[PDB]
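Input: a single structure, listed below in structure tokens.
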Protein chains: 4
Amino acid sequence: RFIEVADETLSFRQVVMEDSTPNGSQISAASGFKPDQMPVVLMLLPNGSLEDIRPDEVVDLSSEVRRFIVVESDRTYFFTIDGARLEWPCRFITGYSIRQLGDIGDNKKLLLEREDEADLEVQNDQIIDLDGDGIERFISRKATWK
Amino acid sequence: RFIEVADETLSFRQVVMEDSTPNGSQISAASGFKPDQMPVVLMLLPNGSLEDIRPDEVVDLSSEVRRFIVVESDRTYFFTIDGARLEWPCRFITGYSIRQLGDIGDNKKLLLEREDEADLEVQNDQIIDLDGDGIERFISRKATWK
Amino acid sequence: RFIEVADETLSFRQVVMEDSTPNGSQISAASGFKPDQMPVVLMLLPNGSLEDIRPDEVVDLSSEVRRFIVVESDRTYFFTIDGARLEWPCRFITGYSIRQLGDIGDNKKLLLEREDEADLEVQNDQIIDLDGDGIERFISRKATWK
Amino acid sequence: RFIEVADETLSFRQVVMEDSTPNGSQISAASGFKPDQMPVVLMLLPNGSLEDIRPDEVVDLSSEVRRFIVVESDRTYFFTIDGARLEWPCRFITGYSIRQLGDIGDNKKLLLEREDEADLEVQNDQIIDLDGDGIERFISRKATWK
Ligand SMILES: [Ca+2]
Ligand SMILES: [Ca+2]
Ligand SMILES: [Ca+2]
Ligand SMILES: [Ca+2]
Ligand SMILES: [Ca+2]
Ligand SMILES: [Ca+2]
Ligand SMILES: [Ca+2]
Ligand SMILES: [Ca+2]
Ligand SMILES: [Ca+2]
Ligand SMILES: [Ca+2]
Ligand SMILES: [Ca+2]
Ligand SMILES: [Ca+2]
Ligand SMILES: [Ca+2]
Ligand SMILES: [Ca+2]
């Protein structure tokens, strides 16, 4: 078997799986993490959501080549893209990572929802801090500027 | 159908479910949360683990009366009890909550693992901050004092 | 049987129903509307949603005293309060009507979501035009001003 | 499970449903719509009527392969065919769409009711604007011309 494993840089690499039905611990071990590190493993669902894989949660790999994000972290932050919830192990996320996670086309404009002022436009290299209180909400609009 | 829903106080209450296979959004709505709030929903597994329920993750309730923790939060912290990983939407957790989550008997002593000094004993009303870097590790030992 | 029937003013009045399971046509007729007028009938659900009642859709009134909004109109506009969708037969809606529909407490502030500028605060007597393109989104926050 | 989903073009396509009792949100998501878009979902009843499905209204799909019209819109217009009320998310509707919705045979003539002049005959490609005040009424007669 083969899986694709990435990190906060979202650069997937081939990892050999000897078990067709591994749990989170086996996926973490195959990615190069010791059992004590216990990294956060997020499986990419076909629809677009991210499913958290527990260290004892068995995943069936016989379906297709599934993708995982394995990042050594002790917490996860929740944000939303067009109302769809997504999970990120780090507190700082770039606009490029948001576009990759949300599968937002390059012909659209990414915005951060605000209430006290106009929605903030997020560039590819702009960094958004997820540690702020509340769930950060992101929006995709047509690439038009007034 | 009926489910039991609790919060950071871990006081479960009866909630009526009209759908036998609801997703996270339906469970949140039945608990009294508006769709924009998007609370964190954690299902209590029979073995003892906590499974995060996405807003679009369908849960089969026909098995038995399942228990959920529905807490309005934007993040989750990971800790461990005897090597078993657990998830908590809040950054401050009491020893009583840790005992309830880990099903630790009252005849055992709860400790917080440390490396630069002796492991810290956690009382029932003592508050542990999960916001510290790294995964906090908790240990259950025999109730003996030297 | 008895039902409560209101209009765009949301002033409910007692209406006598001779059938325990009437359809939309019977409810419209009992409210004083001729069959050719065919008014829009919206039943108030216990959770807070509004259910459109077709002229041939049977409603079971044996449960409790249900409430209806019967307004002679040829169209309905969709808006949202805290992510919950609501339906309104008129294109102009006041903030008081929005608070009544959403059951928003008087200790909270009502806002209209915007993208090119700060979210607009909606007063009780302020009129919002639902005829604008897109679904209008309303938000309830704590009554604090900077 | 499988459902058929169409749009204003009334060209139904197969959509896979993983839940036998989904709500409007799940049907919209399976059709390719983000949660923030919140499209209008209209279920085709066996008798011929169109039932509006709220984002939190559960639909039982175990009966048969049901058909839905999922159109991203913020409003719905009401018209009538032979006194039967129908709902349309768009303001412009062609005669072909009216015939498809009303199940009018090709051997009949479609007319638009008028009061100040003779009833207007509607061709297959003729466009009727539903935005006009009042409920537009359509009539099916024998295909005879004087
Ligand atoms: Ca295995
Ligand atoms: Ca999981
Ligand atoms: Ca805004
Ligand atoms: Ca946050
Ligand atoms: Ca999950
Ligand atoms: Ca130690
Ligand atoms: Ca920690
Ligand atoms: Ca009856
Ligand atoms: Ca209905
Ligand atoms: Ca509108
Ligand atoms: Ca269901
Ligand atoms: Ca409905
Ligand atoms: Ca006429
Ligand atoms: Ca009209």
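Residue names in the structure tokens use chain letters A, B, ... in the order shown, residue numbers from 1 in each chain, and ligand numbers from 1 in the order shown.
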
Lay chain A over chain C using all C-alpha atoms, matched one to one in order, with a least-squares fit; then write it out as a short mmCIF file (atom, residue, chain, number, x, y, z; two decimals) with N, CA and C atoms, in the first residue's frame.
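Wrote it out as superposed_6.cif, contents follow:
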```cif
data_model
loop_
_atom_site.label_atom_id
_atom_site.label_comp_id
_atom_site.auth_asym_id
_atom_site.auth_seq_id
_atom_site.Cartn_x
_atom_site.Cartn_y
_atom_site.Cartn_z
N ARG A 1 -61.61 23.68 17.71
CA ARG A 1 -60.19 24.01 17.64
C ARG A 1 -59.98 25.52 17.53
N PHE A 2 -58.78 25.97 17.87
CA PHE A 2 -58.40 27.37 17.76
C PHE A 2 -56.97 27.46 17.24
N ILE A 3 -56.72 28.45 16.40
CA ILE A 3 -55.38 28.76 15.93
C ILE A 3 -55.14 30.25 16.09
N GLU A 4 -53.88 30.65 16.06
CA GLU A 4 -53.51 32.05 16.06
C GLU A 4 -52.96 32.42 14.69
N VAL A 5 -53.51 33.49 14.11
CA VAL A 5 -53.16 33.91 12.76
C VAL A 5 -52.71 35.36 12.81
N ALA A 6 -51.59 35.65 12.16
CA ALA A 6 -51.03 36.99 12.10
C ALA A 6 -50.70 37.35 10.66
N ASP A 7 -50.13 38.53 10.49
CA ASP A 7 -49.76 39.05 9.18
C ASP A 7 -48.40 39.72 9.33
N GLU A 8 -48.04 40.57 8.36
CA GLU A 8 -46.74 41.23 8.41
C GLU A 8 -46.57 42.08 9.66
N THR A 9 -47.66 42.48 10.31
CA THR A 9 -47.57 43.20 11.57
C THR A 9 -47.30 42.28 12.76
N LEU A 10 -47.40 40.96 12.57
CA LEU A 10 -47.12 39.98 13.62
C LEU A 10 -48.00 40.20 14.85
N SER A 11 -49.27 40.50 14.62
CA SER A 11 -50.26 40.64 15.69
C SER A 11 -51.23 39.47 15.56
N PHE A 12 -51.04 38.45 16.39
CA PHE A 12 -51.82 37.23 16.28
C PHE A 12 -53.23 37.41 16.81
N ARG A 13 -54.18 36.74 16.16
CA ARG A 13 -55.58 36.78 16.54
C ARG A 13 -56.15 35.37 16.51
N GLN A 14 -57.20 35.16 17.30
CA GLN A 14 -57.83 33.85 17.40
C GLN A 14 -58.69 33.58 16.17
N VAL A 15 -58.53 32.38 15.60
CA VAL A 15 -59.32 31.93 14.46
C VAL A 15 -59.85 30.54 14.77
N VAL A 16 -61.14 30.34 14.53
CA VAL A 16 -61.80 29.07 14.85
C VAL A 16 -61.62 28.12 13.68
N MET A 17 -61.10 26.93 13.96
CA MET A 17 -60.94 25.88 12.97
C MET A 17 -61.92 24.76 13.27
N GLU A 18 -62.76 24.43 12.29
CA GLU A 18 -63.73 23.35 12.44
C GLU A 18 -63.16 21.98 12.08
N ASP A 19 -61.98 21.93 11.47
CA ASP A 19 -61.33 20.68 11.09
C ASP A 19 -60.02 20.56 11.84
N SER A 20 -59.80 19.40 12.46
CA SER A 20 -58.57 19.17 13.21
C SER A 20 -57.36 18.94 12.31
N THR A 21 -57.58 18.55 11.05
CA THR A 21 -56.50 18.33 10.08
C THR A 21 -56.82 19.10 8.81
N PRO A 22 -56.64 20.42 8.81
CA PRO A 22 -56.89 21.21 7.61
C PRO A 22 -55.65 21.35 6.74
N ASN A 23 -55.88 21.75 5.50
CA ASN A 23 -54.79 22.06 4.59
C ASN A 23 -54.61 23.58 4.51
N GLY A 24 -53.73 24.03 3.63
CA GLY A 24 -53.48 25.46 3.51
C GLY A 24 -54.71 26.23 3.05
N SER A 25 -55.52 25.62 2.18
CA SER A 25 -56.72 26.29 1.69
C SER A 25 -57.70 26.55 2.82
N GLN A 26 -57.90 25.57 3.71
CA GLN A 26 -58.83 25.76 4.81
C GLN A 26 -58.33 26.82 5.79
N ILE A 27 -57.03 26.83 6.06
CA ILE A 27 -56.46 27.84 6.95
C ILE A 27 -56.62 29.23 6.34
N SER A 28 -56.38 29.35 5.03
CA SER A 28 -56.55 30.63 4.36
C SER A 28 -58.01 31.08 4.39
N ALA A 29 -58.94 30.16 4.15
CA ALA A 29 -60.35 30.51 4.16
C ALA A 29 -60.82 30.94 5.54
N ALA A 30 -60.36 30.24 6.58
CA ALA A 30 -60.75 30.60 7.94
C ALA A 30 -60.18 31.94 8.37
N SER A 31 -59.10 32.39 7.74
CA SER A 31 -58.50 33.68 8.06
C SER A 31 -59.16 34.84 7.32
N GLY A 32 -60.12 34.57 6.45
CA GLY A 32 -60.82 35.60 5.73
C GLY A 32 -60.32 35.87 4.32
N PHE A 33 -59.73 34.88 3.66
CA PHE A 33 -59.20 35.03 2.31
C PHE A 33 -60.01 34.18 1.35
N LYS A 34 -60.39 34.77 0.22
CA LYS A 34 -61.09 34.03 -0.82
C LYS A 34 -60.15 33.03 -1.48
N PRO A 35 -60.70 31.96 -2.07
CA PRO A 35 -59.83 30.95 -2.70
C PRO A 35 -58.95 31.50 -3.81
N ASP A 36 -59.41 32.52 -4.54
CA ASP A 36 -58.61 33.08 -5.62
C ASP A 36 -57.42 33.88 -5.13
N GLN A 37 -57.49 34.44 -3.92
CA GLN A 37 -56.37 35.22 -3.40
C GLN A 37 -55.14 34.36 -3.14
N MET A 38 -55.33 33.16 -2.60
CA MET A 38 -54.27 32.19 -2.34
C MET A 38 -53.12 32.83 -1.57
N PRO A 39 -53.32 33.16 -0.30
CA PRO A 39 -52.25 33.82 0.46
C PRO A 39 -51.16 32.84 0.86
N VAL A 40 -50.00 33.41 1.19
CA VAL A 40 -48.88 32.63 1.70
C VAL A 40 -49.11 32.34 3.17
N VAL A 41 -49.02 31.07 3.54
CA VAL A 41 -49.24 30.61 4.91
C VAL A 41 -47.93 30.03 5.42
N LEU A 42 -47.44 30.56 6.54
CA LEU A 42 -46.20 30.10 7.16
C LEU A 42 -46.49 29.67 8.59
N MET A 43 -46.28 28.40 8.89
CA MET A 43 -46.50 27.87 10.23
C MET A 43 -45.24 28.04 11.06
N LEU A 44 -45.41 28.48 12.30
CA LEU A 44 -44.29 28.68 13.22
C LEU A 44 -43.98 27.36 13.92
N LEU A 45 -42.80 26.81 13.64
CA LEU A 45 -42.39 25.56 14.26
C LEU A 45 -41.89 25.82 15.68
N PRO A 46 -41.98 24.82 16.56
CA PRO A 46 -41.50 25.01 17.94
C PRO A 46 -40.03 25.38 18.03
N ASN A 47 -39.19 24.84 17.15
CA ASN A 47 -37.77 25.14 17.21
C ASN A 47 -37.48 26.59 16.83
N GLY A 48 -38.27 27.16 15.92
CA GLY A 48 -38.09 28.55 15.54
C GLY A 48 -38.17 28.77 14.05
N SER A 49 -38.18 27.69 13.28
CA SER A 49 -38.23 27.79 11.83
C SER A 49 -39.65 28.08 11.36
N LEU A 50 -39.75 28.51 10.10
CA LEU A 50 -41.03 28.77 9.45
C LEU A 50 -41.22 27.74 8.34
N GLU A 51 -42.34 27.03 8.37
CA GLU A 51 -42.66 26.02 7.38
C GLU A 51 -43.74 26.53 6.45
N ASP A 52 -43.46 26.53 5.15
CA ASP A 52 -44.45 26.95 4.17
C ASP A 52 -45.51 25.87 4.01
N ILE A 53 -46.77 26.27 4.07
CA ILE A 53 -47.90 25.35 3.96
C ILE A 53 -48.53 25.53 2.59
N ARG A 54 -48.49 24.48 1.78
CA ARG A 54 -49.11 24.51 0.47
C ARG A 54 -50.63 24.52 0.61
N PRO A 55 -51.35 24.97 -0.42
CA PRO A 55 -52.82 24.94 -0.35
C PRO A 55 -53.39 23.55 -0.19
N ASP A 56 -52.63 22.50 -0.52
CA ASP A 56 -53.09 21.12 -0.37
C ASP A 56 -52.24 20.33 0.61
N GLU A 57 -51.55 21.01 1.53
CA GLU A 57 -50.69 20.36 2.51
C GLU A 57 -51.43 20.29 3.84
N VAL A 58 -51.73 19.07 4.29
CA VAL A 58 -52.52 18.89 5.50
C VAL A 58 -51.64 19.13 6.72
N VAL A 59 -52.17 19.87 7.69
CA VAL A 59 -51.48 20.19 8.94
C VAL A 59 -52.27 19.59 10.09
N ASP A 60 -51.58 18.89 10.99
CA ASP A 60 -52.21 18.27 12.15
C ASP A 60 -52.22 19.27 13.30
N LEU A 61 -53.41 19.72 13.68
CA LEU A 61 -53.56 20.72 14.73
C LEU A 61 -53.83 20.11 16.11
N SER A 62 -53.91 18.78 16.21
CA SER A 62 -54.19 18.15 17.49
C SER A 62 -53.05 18.28 18.49
N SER A 63 -51.85 18.63 18.03
CA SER A 63 -50.69 18.74 18.92
C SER A 63 -50.89 19.84 19.96
N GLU A 64 -51.00 21.08 19.51
CA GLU A 64 -51.11 22.24 20.40
C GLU A 64 -51.65 23.40 19.57
N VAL A 65 -51.78 24.56 20.20
CA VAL A 65 -52.25 25.77 19.51
C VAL A 65 -51.09 26.28 18.67
N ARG A 66 -51.13 26.01 17.37
CA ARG A 66 -50.08 26.42 16.46
C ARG A 66 -50.35 27.81 15.91
N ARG A 67 -49.28 28.49 15.51
CA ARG A 67 -49.34 29.86 15.02
C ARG A 67 -49.01 29.91 13.54
N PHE A 68 -49.72 30.77 12.82
CA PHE A 68 -49.55 30.92 11.38
C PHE A 68 -49.44 32.39 11.03
N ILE A 69 -48.68 32.67 9.98
CA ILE A 69 -48.61 33.98 9.36
C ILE A 69 -49.23 33.84 7.98
N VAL A 70 -50.34 34.52 7.75
CA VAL A 70 -51.09 34.41 6.50
C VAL A 70 -51.06 35.79 5.85
N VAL A 71 -50.26 35.93 4.79
CA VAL A 71 -50.07 37.21 4.12
C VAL A 71 -50.31 37.02 2.63
N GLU A 72 -51.19 37.84 2.06
CA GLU A 72 -51.47 37.78 0.63
C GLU A 72 -50.27 38.31 -0.15
N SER A 73 -49.50 37.40 -0.75
CA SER A 73 -48.32 37.78 -1.51
C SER A 73 -48.07 36.72 -2.57
N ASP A 74 -47.29 37.10 -3.59
CA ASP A 74 -46.96 36.21 -4.69
C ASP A 74 -45.52 35.72 -4.65
N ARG A 75 -44.79 36.04 -3.59
CA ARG A 75 -43.38 35.68 -3.52
C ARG A 75 -42.95 35.63 -2.06
N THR A 76 -41.82 34.98 -1.83
CA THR A 76 -41.21 34.92 -0.51
C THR A 76 -39.72 35.17 -0.64
N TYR A 77 -39.16 35.90 0.32
CA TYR A 77 -37.73 36.18 0.37
C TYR A 77 -37.09 35.42 1.52
N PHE A 78 -35.88 34.94 1.29
CA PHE A 78 -35.15 34.18 2.30
C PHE A 78 -34.08 35.06 2.93
N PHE A 79 -34.01 35.04 4.26
CA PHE A 79 -32.92 35.68 4.98
C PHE A 79 -32.45 34.71 6.06
N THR A 80 -31.43 35.10 6.81
CA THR A 80 -30.90 34.24 7.86
C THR A 80 -30.65 35.04 9.13
N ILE A 81 -30.89 34.39 10.26
CA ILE A 81 -30.56 34.93 11.58
C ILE A 81 -29.64 33.91 12.25
N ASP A 82 -28.39 34.31 12.49
CA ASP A 82 -27.39 33.44 13.10
C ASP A 82 -27.27 32.12 12.36
N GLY A 83 -27.36 32.18 11.03
CA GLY A 83 -27.25 31.01 10.20
C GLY A 83 -28.51 30.19 10.03
N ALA A 84 -29.60 30.56 10.70
CA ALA A 84 -30.87 29.86 10.58
C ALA A 84 -31.73 30.57 9.54
N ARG A 85 -32.20 29.82 8.55
CA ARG A 85 -32.94 30.42 7.45
C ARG A 85 -34.38 30.71 7.85
N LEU A 86 -34.87 31.87 7.42
CA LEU A 86 -36.24 32.29 7.65
C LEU A 86 -36.81 32.86 6.36
N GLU A 87 -38.13 32.84 6.27
CA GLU A 87 -38.87 33.19 5.07
C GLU A 87 -39.82 34.33 5.36
N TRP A 88 -39.91 35.29 4.44
CA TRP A 88 -40.76 36.45 4.66
C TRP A 88 -41.50 36.83 3.38
N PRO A 89 -42.83 36.91 3.41
CA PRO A 89 -43.58 37.20 2.18
C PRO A 89 -43.39 38.60 1.63
N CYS A 90 -42.90 39.54 2.44
CA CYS A 90 -42.73 40.92 2.01
C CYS A 90 -41.26 41.22 1.75
N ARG A 91 -41.01 42.26 0.95
CA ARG A 91 -39.65 42.65 0.62
C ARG A 91 -39.04 43.63 1.61
N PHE A 92 -39.86 44.35 2.37
CA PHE A 92 -39.38 45.27 3.39
C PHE A 92 -39.72 44.70 4.76
N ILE A 93 -38.71 44.57 5.62
CA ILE A 93 -38.89 44.00 6.95
C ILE A 93 -38.22 44.92 7.96
N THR A 94 -38.90 45.18 9.07
CA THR A 94 -38.36 46.03 10.12
C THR A 94 -37.52 45.20 11.09
N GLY A 95 -36.67 45.90 11.84
CA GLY A 95 -35.86 45.23 12.84
C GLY A 95 -36.68 44.58 13.94
N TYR A 96 -37.81 45.20 14.30
CA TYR A 96 -38.70 44.61 15.29
C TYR A 96 -39.24 43.27 14.81
N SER A 97 -39.63 43.20 13.53
CA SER A 97 -40.12 41.93 12.98
C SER A 97 -39.02 40.88 12.97
N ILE A 98 -37.78 41.29 12.66
CA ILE A 98 -36.66 40.35 12.67
C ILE A 98 -36.44 39.81 14.07
N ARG A 99 -36.49 40.69 15.08
CA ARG A 99 -36.32 40.24 16.45
C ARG A 99 -37.45 39.29 16.87
N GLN A 100 -38.68 39.60 16.47
CA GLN A 100 -39.80 38.72 16.80
C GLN A 100 -39.64 37.35 16.15
N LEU A 101 -39.23 37.32 14.88
CA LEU A 101 -39.08 36.04 14.19
C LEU A 101 -37.93 35.23 14.76
N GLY A 102 -36.80 35.87 15.01
CA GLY A 102 -35.64 35.17 15.53
C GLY A 102 -35.62 34.97 17.03
N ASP A 103 -36.62 35.49 17.74
CA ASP A 103 -36.68 35.40 19.20
C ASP A 103 -35.41 35.97 19.84
N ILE A 104 -34.94 37.08 19.30
CA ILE A 104 -33.72 37.72 19.80
C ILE A 104 -34.08 38.57 21.01
N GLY A 105 -33.35 38.36 22.11
CA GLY A 105 -33.61 39.13 23.31
C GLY A 105 -33.29 40.60 23.13
N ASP A 106 -33.97 41.43 23.92
CA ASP A 106 -33.77 42.88 23.83
C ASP A 106 -32.42 43.32 24.37
N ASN A 107 -31.67 42.43 25.02
CA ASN A 107 -30.35 42.75 25.53
C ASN A 107 -29.25 42.52 24.51
N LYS A 108 -29.60 42.17 23.27
CA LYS A 108 -28.63 41.91 22.22
C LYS A 108 -28.77 42.94 21.11
N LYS A 109 -27.70 43.08 20.34
CA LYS A 109 -27.62 44.01 19.23
C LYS A 109 -27.78 43.25 17.92
N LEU A 110 -28.62 43.78 17.03
CA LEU A 110 -28.88 43.17 15.74
C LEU A 110 -28.06 43.88 14.66
N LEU A 111 -27.41 43.09 13.81
CA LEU A 111 -26.52 43.60 12.78
C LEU A 111 -26.85 42.93 11.45
N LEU A 112 -26.60 43.66 10.37
CA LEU A 112 -26.72 43.14 9.01
C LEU A 112 -25.32 42.92 8.46
N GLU A 113 -25.02 41.70 8.04
CA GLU A 113 -23.68 41.38 7.57
C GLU A 113 -23.37 42.11 6.27
N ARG A 114 -22.15 42.64 6.19
CA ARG A 114 -21.66 43.32 5.01
C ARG A 114 -20.24 42.86 4.72
N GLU A 115 -19.82 43.04 3.47
CA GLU A 115 -18.49 42.64 3.03
C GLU A 115 -17.60 43.80 2.64
N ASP A 116 -18.16 44.86 2.06
CA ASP A 116 -17.37 46.01 1.64
C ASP A 116 -17.22 47.06 2.73
N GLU A 117 -17.89 46.89 3.87
CA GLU A 117 -17.81 47.85 4.96
C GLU A 117 -18.26 47.15 6.24
N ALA A 118 -18.28 47.91 7.33
CA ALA A 118 -18.67 47.36 8.62
C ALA A 118 -20.13 46.92 8.61
N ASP A 119 -20.43 45.89 9.39
CA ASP A 119 -21.79 45.39 9.46
C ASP A 119 -22.74 46.47 9.97
N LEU A 120 -23.88 46.60 9.31
CA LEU A 120 -24.83 47.66 9.63
C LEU A 120 -25.71 47.25 10.80
N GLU A 121 -25.83 48.13 11.78
CA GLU A 121 -26.71 47.90 12.92
C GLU A 121 -28.15 48.23 12.54
N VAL A 122 -29.07 47.34 12.90
CA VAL A 122 -30.47 47.47 12.53
C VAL A 122 -31.26 47.88 13.77
N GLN A 123 -31.93 49.02 13.69
CA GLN A 123 -32.78 49.49 14.77
C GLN A 123 -34.14 48.80 14.70
N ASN A 124 -34.98 49.04 15.71
CA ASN A 124 -36.30 48.42 15.74
C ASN A 124 -37.17 48.92 14.60
N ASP A 125 -37.12 50.22 14.31
CA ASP A 125 -37.94 50.81 13.26
C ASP A 125 -37.22 50.91 11.92
N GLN A 126 -35.97 50.47 11.84
CA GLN A 126 -35.24 50.52 10.58
C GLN A 126 -35.77 49.47 9.62
N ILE A 127 -35.86 49.84 8.35
CA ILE A 127 -36.44 48.98 7.31
C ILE A 127 -35.31 48.42 6.45
N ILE A 128 -35.29 47.10 6.29
CA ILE A 128 -34.33 46.41 5.45
C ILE A 128 -35.06 45.87 4.24
N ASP A 129 -34.50 46.11 3.05
CA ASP A 129 -35.09 45.67 1.79
C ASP A 129 -34.52 44.30 1.45
N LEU A 130 -35.39 43.28 1.47
CA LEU A 130 -34.97 41.93 1.13
C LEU A 130 -34.85 41.69 -0.37
N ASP A 131 -35.31 42.63 -1.19
CA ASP A 131 -35.26 42.46 -2.64
C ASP A 131 -33.84 42.50 -3.19
N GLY A 132 -32.87 42.92 -2.39
CA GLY A 132 -31.49 42.92 -2.86
C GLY A 132 -31.01 41.52 -3.17
N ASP A 133 -30.10 41.43 -4.14
CA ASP A 133 -29.59 40.14 -4.58
C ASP A 133 -28.85 39.44 -3.45
N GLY A 134 -29.01 38.13 -3.39
CA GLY A 134 -28.39 37.34 -2.35
C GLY A 134 -29.25 37.25 -1.10
N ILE A 135 -28.91 36.27 -0.26
CA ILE A 135 -29.64 36.06 0.99
C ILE A 135 -29.08 37.01 2.04
N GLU A 136 -29.95 37.86 2.58
CA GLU A 136 -29.53 38.79 3.63
C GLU A 136 -29.27 38.03 4.92
N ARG A 137 -28.14 38.32 5.56
CA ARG A 137 -27.72 37.62 6.76
C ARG A 137 -27.73 38.57 7.95
N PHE A 138 -28.39 38.15 9.03
CA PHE A 138 -28.49 38.94 10.24
C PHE A 138 -27.77 38.24 11.38
N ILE A 139 -27.23 39.04 12.29
CA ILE A 139 -26.35 38.56 13.35
C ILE A 139 -26.77 39.19 14.66
N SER A 140 -26.73 38.41 15.74
CA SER A 140 -27.02 38.91 17.08
C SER A 140 -25.74 38.87 17.90
N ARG A 141 -25.37 40.01 18.47
CA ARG A 141 -24.16 40.14 19.27
C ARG A 141 -24.52 40.74 20.63
N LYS A 142 -23.53 40.81 21.51
CA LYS A 142 -23.72 41.46 22.80
C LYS A 142 -23.88 42.96 22.61
N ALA A 143 -24.76 43.56 23.42
CA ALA A 143 -25.08 44.98 23.29
C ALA A 143 -23.93 45.81 23.88
N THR A 144 -22.85 45.90 23.10
CA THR A 144 -21.70 46.70 23.47
C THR A 144 -21.31 47.59 22.29
N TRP A 145 -21.00 48.85 22.58
CA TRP A 145 -20.61 49.81 21.57
C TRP A 145 -19.24 50.38 21.91
N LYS A 146 -18.39 50.50 20.89
CA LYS A 146 -17.04 51.01 21.08
C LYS A 146 -16.98 52.52 20.90
#
```

Please extract the residues of segment 37-103 of chain B with a backbone DSSP assignment of strand (DSSP E or B) and present them as a list in words. residues 40, 41, 42, 43, 44, 50, 51, 52, 53, 67, 68, 69, 70, 71, 75, 76, 77, 78, 79, 80, 81, 84, 85, 86, 87, 88, 92, 93 and 94 of chain B

Run DSSP on the backbone and tell me which residues of chain D come out as alpha helix (DSSP H); list them as a list in words.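 Taking chain D and keeping alpha helix (DSSP H) gives residues 24, 25, 26, 27, 28, 29, 30, 95, 96, 97, 98, 99, 100, 101 and 102 of chain D.
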
Quick one: write out the picked residues with N, CA and C atoms as a PDB file, in the first residue's frame?
```pdb
ATOM      1  N   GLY D  24     -32.253  19.438   4.266  1.00  0.00           N
ATOM      2  CA  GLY D  24     -31.961  20.278   3.117  1.00  0.00           C
ATOM      3  C   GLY D  24     -30.483  20.585   2.973  1.00  0.00           C
ATOM      4  N   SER D  25     -29.785  20.742   4.100  1.00  0.00           N
ATOM      5  CA  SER D  25     -28.357  21.038   4.050  1.00  0.00           C
ATOM      6  C   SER D  25     -27.574  19.896   3.415  1.00  0.00           C
ATOM      7  N   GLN D  26     -27.898  18.652   3.777  1.00  0.00           N
ATOM      8  CA  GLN D  26     -27.188  17.511   3.206  1.00  0.00           C
ATOM      9  C   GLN D  26     -27.468  17.373   1.715  1.00  0.00           C
ATOM     10  N   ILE D  27     -28.716  17.604   1.302  1.00  0.00           N
ATOM     11  CA  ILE D  27     -29.054  17.539  -0.116  1.00  0.00           C
ATOM     12  C   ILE D  27     -28.318  18.625  -0.889  1.00  0.00           C
ATOM     13  N   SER D  28     -28.246  19.833  -0.327  1.00  0.00           N
ATOM     14  CA  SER D  28     -27.513  20.911  -0.981  1.00  0.00           C
ATOM     15  C   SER D  28     -26.027  20.591  -1.080  1.00  0.00           C
ATOM     16  N   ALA D  29     -25.447  20.043  -0.010  1.00  0.00           N
ATOM     17  CA  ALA D  29     -24.025  19.715  -0.022  1.00  0.00           C
ATOM     18  C   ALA D  29     -23.716  18.621  -1.034  1.00  0.00           C
ATOM     19  N   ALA D  30     -24.571  17.600  -1.116  1.00  0.00           N
ATOM     20  CA  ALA D  30     -24.350  16.523  -2.072  1.00  0.00           C
ATOM     21  C   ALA D  30     -24.490  16.989  -3.513  1.00  0.00           C
ATOM     22  N   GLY D  95     -41.935  28.636 -21.398  1.00  0.00           N
ATOM     23  CA  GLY D  95     -43.102  27.784 -21.549  1.00  0.00           C
ATOM     24  C   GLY D  95     -42.774  26.309 -21.451  1.00  0.00           C
ATOM     25  N   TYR D  96     -41.596  25.912 -21.937  1.00  0.00           N
ATOM     26  CA  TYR D  96     -41.169  24.523 -21.814  1.00  0.00           C
ATOM     27  C   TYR D  96     -41.042  24.116 -20.352  1.00  0.00           C
ATOM     28  N   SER D  97     -40.465  24.988 -19.523  1.00  0.00           N
ATOM     29  CA  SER D  97     -40.353  24.694 -18.098  1.00  0.00           C
ATOM     30  C   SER D  97     -41.726  24.595 -17.447  1.00  0.00           C
ATOM     31  N   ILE D  98     -42.657  25.462 -17.851  1.00  0.00           N
ATOM     32  CA  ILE D  98     -44.012  25.406 -17.310  1.00  0.00           C
ATOM     33  C   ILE D  98     -44.676  24.085 -17.671  1.00  0.00           C
ATOM     34  N   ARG D  99     -44.517  23.647 -18.922  1.00  0.00           N
ATOM     35  CA  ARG D  99     -45.085  22.367 -19.333  1.00  0.00           C
ATOM     36  C   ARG D  99     -44.459  21.211 -18.565  1.00  0.00           C
ATOM     37  N   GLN D 100     -43.141  21.256 -18.357  1.00  0.00           N
ATOM     38  CA  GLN D 100     -42.479  20.196 -17.603  1.00  0.00           C
ATOM     39  C   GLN D 100     -42.973  20.148 -16.162  1.00  0.00           C
ATOM     40  N   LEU D 101     -43.123  21.311 -15.526  1.00  0.00           N
ATOM     41  CA  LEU D 101     -43.567  21.345 -14.136  1.00  0.00           C
ATOM     42  C   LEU D 101     -45.016  20.892 -14.006  1.00  0.00           C
ATOM     43  N   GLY D 102     -45.887  21.376 -14.885  1.00  0.00           N
ATOM     44  CA  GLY D 102     -47.288  21.024 -14.825  1.00  0.00           C
ATOM     45  C   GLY D 102     -47.664  19.718 -15.476  1.00  0.00           C
TER      46      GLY D 102
END
```
